[PDB]
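Okay, so here's the structure we're looking at.
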Amino acid sequence: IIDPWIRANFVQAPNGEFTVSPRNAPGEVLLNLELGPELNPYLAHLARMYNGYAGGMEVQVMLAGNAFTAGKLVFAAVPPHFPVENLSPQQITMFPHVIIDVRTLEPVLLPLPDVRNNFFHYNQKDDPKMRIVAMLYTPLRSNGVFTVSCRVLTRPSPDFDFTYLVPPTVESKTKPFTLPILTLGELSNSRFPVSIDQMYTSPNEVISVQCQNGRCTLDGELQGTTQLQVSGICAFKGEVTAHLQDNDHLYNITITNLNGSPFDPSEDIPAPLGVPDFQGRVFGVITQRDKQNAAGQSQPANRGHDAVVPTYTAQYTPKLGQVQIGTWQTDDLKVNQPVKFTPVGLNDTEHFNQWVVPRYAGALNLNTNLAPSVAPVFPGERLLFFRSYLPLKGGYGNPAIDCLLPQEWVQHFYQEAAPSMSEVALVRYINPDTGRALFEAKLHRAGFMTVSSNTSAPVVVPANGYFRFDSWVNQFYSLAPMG
Ligand SMILES: [Zn+2]
Numbered sequence: 047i048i049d050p051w052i053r054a055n056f057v058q059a060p061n062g063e064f065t066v067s068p069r070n071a072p073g074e075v076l077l078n079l080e081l082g083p084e085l086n087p088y089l090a091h092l093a094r095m096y097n098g099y100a101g102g103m104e105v106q107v108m109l110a111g112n113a114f115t116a117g118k119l120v121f122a123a124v125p126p127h128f129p130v131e132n133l134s135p136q137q138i139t140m141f142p143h144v145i146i147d148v149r150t151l152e153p154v155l156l157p158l159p160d161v162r163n164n165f166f167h168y169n170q171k172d173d174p175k176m177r178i179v180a181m182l183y184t185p186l187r188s189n190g195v196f197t198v199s200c201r202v203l204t205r206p207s208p209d210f211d212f213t214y215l216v217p218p219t220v221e222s223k224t225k226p227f228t229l230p231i232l233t234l235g236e237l238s239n240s241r242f243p244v245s246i247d248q249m250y251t252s253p254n255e256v257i258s259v260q261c262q263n264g265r266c267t268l269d270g271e272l273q274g275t276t277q278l279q280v281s282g283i284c285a286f287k288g289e290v291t292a293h294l295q296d297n298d299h300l301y302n303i304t305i306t307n308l309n310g311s312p313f314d315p316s317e318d319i320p321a322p323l324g325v326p327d328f329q330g331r332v333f334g335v336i337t338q339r340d341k342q343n344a345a346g347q348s349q350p351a352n353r354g355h356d357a358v359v360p361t362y363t364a365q366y367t368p369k370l371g372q373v374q375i376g377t378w379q380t381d382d383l384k385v386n387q388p389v390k391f392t393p394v395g396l397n398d399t400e401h402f403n404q405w406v407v408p409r410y411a412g413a414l415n416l417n418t419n420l421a422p423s424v425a426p427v428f429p430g431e432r433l434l435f436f437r438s439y440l441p442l443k444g445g446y447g448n449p450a451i452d453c454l455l456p457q458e459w460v461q462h463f464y465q466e467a468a469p470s471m472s473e474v475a476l477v478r479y480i481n482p483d484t485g486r487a488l489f490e491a492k493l494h495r496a497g498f499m500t501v502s503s504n505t506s507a508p509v510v511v512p513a514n515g516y517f518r519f520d521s522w523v524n525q526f527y528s529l530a531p532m533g
């Protein structure tokens with residue numbers, strides 16, 4: 047079935063690119079890949095039309111170093127159900143292996159067999175398979195800071211074959227990860243219902259964030275209070291159940307879900323979906339349309355006013371089903387009638403902290419079912435944000451919400467739901483008139499981006515640039531410096 051061009055020529059793997067520097071030590075696994083069609087884009091296209099597969103492959107490795115470096119790498123094949131975590135460089139020579147110097151101008155070849163105890167593999171129902179492992183065999187001396199770039203190419207062996215025809219692109223587990231082609235003038239903020247202004251790198255005191263809107267993994271798993279509508283970010287609806295007099299007016303509100311269903315407090319969610327996930331005074335518009343008809347040509351009556359929702363206080367308890375608003379010196383809200391809130395911005399920058407999570411069940415309770423905190427782990431990297439600027443009702447300031455993902459990428463990751471081949475995907479930011487990349491970043495499975503920078507500053511880009519998915523990499527991959 048396979049075209050004889052495919053069987054004769056090597057094509058770059060989707061898990062292909064890696065690095066080796068003299069900051070690496072012999073004993074660290076630089077490359078750990080698994081057998082299967084995902085190592086070849088033509089086979090990855092043909093795999094979406096069949097049910098199963100069997101067969102081994104052939105791997106070519108290119109190294110790019112000069113005549114001023116020294117050292118040896120080793121590439122070996124490791125069978126299924128063998129532990130890989132405590133391999134030493136002495137043990138890896140007891141496998142089918144190849145040892146190469148870094149000064150060479152010629153690529154390296156290794157066959158990767160398909161050792162199995164059955165007739166074929168299924169695309170669903172995964173099972174362990176053969177792997178290829180690379181570690182540094184002798185220490186790397188770049189005498190006369196020099197990072198060496200490396201690529202992996204594959205092609206099928208003469209015994210590789212596909213088994214049963216299924217309808218194309220229906221069966222999952224064969225879908226490739228794609229990233230949508232949208233510019234920053236077309237993306238939207240995911241933690242507040244405005245549009246994205248620029249890209250920005252994190253401050254020196256921000257090393258770990260935990261937000262609850264705009265959290266979604268690359269596999270398409272919504273987390274926290276993340277929903278899909280832009281009109282539902284920082285918005286809620288329900289009925290007024292209470293009234294209070296103060297300097298102001300208070301209007302306690304029992305909230306429901308945004309589809310109209312009542313909110314069950316025992317669900318595995320921190321709060322109803324789409325409530326604000328930061329501390330501050332959210333400014334917006336509250337509105338009522340009545341449920342009974344006063345005469346009025348057989349129509350209901352309507353109210354709409356300005357309101358403030360403070361989320362740092364003891365009465366912002368959306369997990370318990372309550373929220374309290376405020377109208378400055380206005381009393382026109384009927385009790386026992388439905389309300390809807392539409393967010394506009396903030397009132398002032400008082401008690402405004404964007405990286406502090408509210409107490410969703412109030413005081414005397416702990417937040418449960420929270421999305422996990424994210425952070426960079428590689429030495430010398432920081433978080434990358436998408437920054438918008440918000441309106442204020444009064445006072446002085448220039449407030450800003452940062453987000454981890456654009457809302458359109460959340461939507462695309464939900465609709466596609468492709469499997470993740472590794473822990474980190476390498477992306478680049480392409481200038482489409484020339485083809486030159488501007489910077490490169492890491493995109494993690496949990497849904498956040500890190501760059502290699504020393505400053506907290508806005509990122510100056512052209513107007514038509516976009517991100518492009520290039521490869522799946524591992525944790526040892528060393529990004530080029532952004533500045
Ligand atoms: Zn009142």
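Here the sequence shown stands for residues 47 to 190, 195 to 533, numbered as in PDB author numbering.
Quick reminder that beta carbons are idealized off the backbone N, C-alpha and C, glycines included.
Reference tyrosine 96; option with closest CA among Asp398, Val373 and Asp211: Along the sequence shown, read from residue 1 onward, the residue named residue 96 stands at position 50. Of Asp398, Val373 and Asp211, the residue nearest in Cα terms is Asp211.
Which residues DSSP lists as bridging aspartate 452, in chain order: Residue mapping note: residue 452 aligns to position 402 of the sequence shown, counting from 1. Paired residues: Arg437.
Proximity below 8 Å, CB of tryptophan 405 to CB of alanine 475: By 1-based counting over the sequence shown, the position of residue 405 is 355. By 1-based counting over the sequence shown, the position of residue 475 is 425. Result no, Cβ atoms of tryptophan 405 and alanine 475 do not sit closer than 8 Å.
Best match in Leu442, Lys118 and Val105 for proximity to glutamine 58 [C-alpha to C-alpha]: Here residue 58 refers to the residue found at position 12 when the sequence shown is read from its first residue. That would be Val105, whose Cα lies nearest to the Cα of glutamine 58.
Opposing strand residues paired with residue 192 [DSSP bridges]: Residue 192 cannot be located in this model; the chain continues from 190 straight on to 195.
Whole-angstrom distance between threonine 392 and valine 335, CA atom to CA atom: Here the question's residue 335 lines up with position 285 in the sequence shown. Here the question's residue 392 lines up with position 342 in the sequence shown. Rounded to the nearest angstrom, the two C-alpha atoms are 5 Å apart.
Segment limits, alpha helix (DSSP H) that includes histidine 494: Start at 1 with the first residue of the sequence shown, and residue 494 comes out as number 444. Note, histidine 494: premise wrong, no alpha helix (DSSP H); beta strand (DSSP E) at 487-494.
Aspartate 269 beta carbon near ligand 1 (any heavy atom closer than 7 Å): Residue mapping note: residue 269 aligns to position 219 of the sequence shown, counting from 1. No - ligand 1 has no heavy atom lying nearer than 7 Å to the Cβ of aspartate 269.
Through-space distance from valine 510 to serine 252, alpha-carbon basis: As a first step, residue 252 must be located in the sequence shown, where it is residue number 202. As a first step, residue 510 must be located in the sequence shown, where it is residue number 460. Taking the straight line from one Cα to the other gives about 15 Å.
Residues sharing a beta bridge with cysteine 200, DSSP: Within the sequence shown, residue 200 is the residue found at index 150, counting from 1. Answer by DSSP bridge pairing, in chain order: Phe64 and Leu109.
Near ligand 1: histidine 293 beta-carbon under 7 Å from a heavy atom: As a working mapping, residue 293 is identified with position 243 in the sequence shown. Yes; taking the cut-off as 7 Å, the Cβ of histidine 293 has a heavy atom of ligand 1 nearer than that.
Status (buried if at least 16 other CB within 10 Å, exposed otherwise) for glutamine 338: Position 288 of the sequence shown, counted from the first residue, corresponds to residue 338. It is buried - the Cβ of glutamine 338 has at least 16 other Cβ atoms within 10 Å.
Cβ-based neighbour list, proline 60, same chain, cut-off 8 Å, excluding 5 preceding and 5 following: Translated into positions along the sequence shown, residue 60 becomes position 14. The answer, listed in chain order, is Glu84, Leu85, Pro87, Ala90, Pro226, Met471, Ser521 and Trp522.
Contact the region 436-445 vs the region 394-402: 3+ CB pairs below 8 Å: yes
Pick from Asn169, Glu74, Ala467 and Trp459 that is closest to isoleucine 231, judged by C-alpha positions: As a working mapping, residue 231 is identified with position 181 in the sequence shown. In terms of Cα proximity to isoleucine 231, the closest of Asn169, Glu74, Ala467 and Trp459 is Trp459.
Assumed close pair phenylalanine 141, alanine 123 - CB separation to whole angstroms, cut-off 8 Å: Translated into positions along the sequence shown, residue 141 becomes position 95. Translated into positions along the sequence shown, residue 123 becomes position 77. 6 Å between Cβ atoms; contact.
Ligand 1 heavy atom lying under 7 Å from the CB of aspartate 381: Counted from its first residue, the sequence shown places residue 381 at position 331. Within the cutoff, so yes.
Contact set for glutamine 525: own chain, Cβ-Cβ below 8 Å, skip 5 residues either direction: Looking up residue 525 in the sequence shown gives position 475. Only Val427, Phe428, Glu473 and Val474 meet the Cβ criterion.
Proximal residues to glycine 274 (C-beta, below 6 Å), its chain only, five neighbours per side dropped: Within the sequence shown, the letter at position 224 stands for residue 274. Result list for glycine 274: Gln262, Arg265 and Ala421, in chain order.
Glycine 62 to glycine 324 span [Cα, whole Å]: Locating residue 62 in the sequence shown gives position 16, counting from the first residue. Locating residue 324 in the sequence shown gives position 274, counting from the first residue. Each residue's alpha carbon lies about 39 Å from the other.
8 Å contact criterion, which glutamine 374 and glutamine 365 should meet: CB distance rounded: In the sequence shown, residue 374 corresponds to position 324, counting from 1. In the sequence shown, residue 365 corresponds to position 315, counting from 1. Sure, about 4 Å apart at Cβ, within 8 Å.
Integer-rounded CB distance, given that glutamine 329 should sit under 8 Å from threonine 367: If you number the sequence shown from 1, residue 367 lands on position 317. If you number the sequence shown from 1, residue 329 lands on position 279. Incorrect: roughly 14 Å between the Cβ atoms, too far for contact.
Anticipated Cβ contact below 8 Å, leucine 308 with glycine 282, distance rounded: Numbered from 1 along the sequence shown, position 258 holds the residue referred to as residue 308. Numbered from 1 along the sequence shown, position 232 holds the residue referred to as residue 282. Yes, they are in contact, since the Cβ atoms of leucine 308 and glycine 282 sit about 5 Å apart, within 8 Å.
Range covered by the alpha helix (DSSP H) that runs through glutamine 349: Taking the sequence shown and counting its residues from 1, the one referred to as residue 349 is at position 299. Taken as a continuous stretch (DSSP letters only), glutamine 349 belongs to no alpha helix (DSSP H), as it is neither H nor E.
Any non-hydrogen atom of ligand 1 within 7 Å of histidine 355 CB: Looking up residue 355 in the sequence shown gives position 305. No - ligand 1 has no heavy atom lying nearer than 7 Å to the Cβ of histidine 355.
Endpoints, the beta strand (DSSP E) within which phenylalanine 128 is located: Numbered from 1 along the sequence shown, position 82 holds the residue referred to as residue 128. Where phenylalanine 128 is concerned, there is no enclosing beta strand (DSSP E), given that its DSSP letter is neither H nor E.
Bounding residues of the beta strand (DSSP E) (the contiguous stretch that carries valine 290): In the sequence shown, the residue the question calls residue 290 occupies position 240. Note, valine 290: beta strand (DSSP E), 286-290.
Pair within 8 Å by beta-carbon distance, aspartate 298 and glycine 412: Position 248 of the sequence shown, counted from the start, is the residue given in the question as residue 298. Position 362 of the sequence shown, counted from the start, is the residue given in the question as residue 412. No, the pair does not count as a contact, with Cβ atoms beyond the cut-off.
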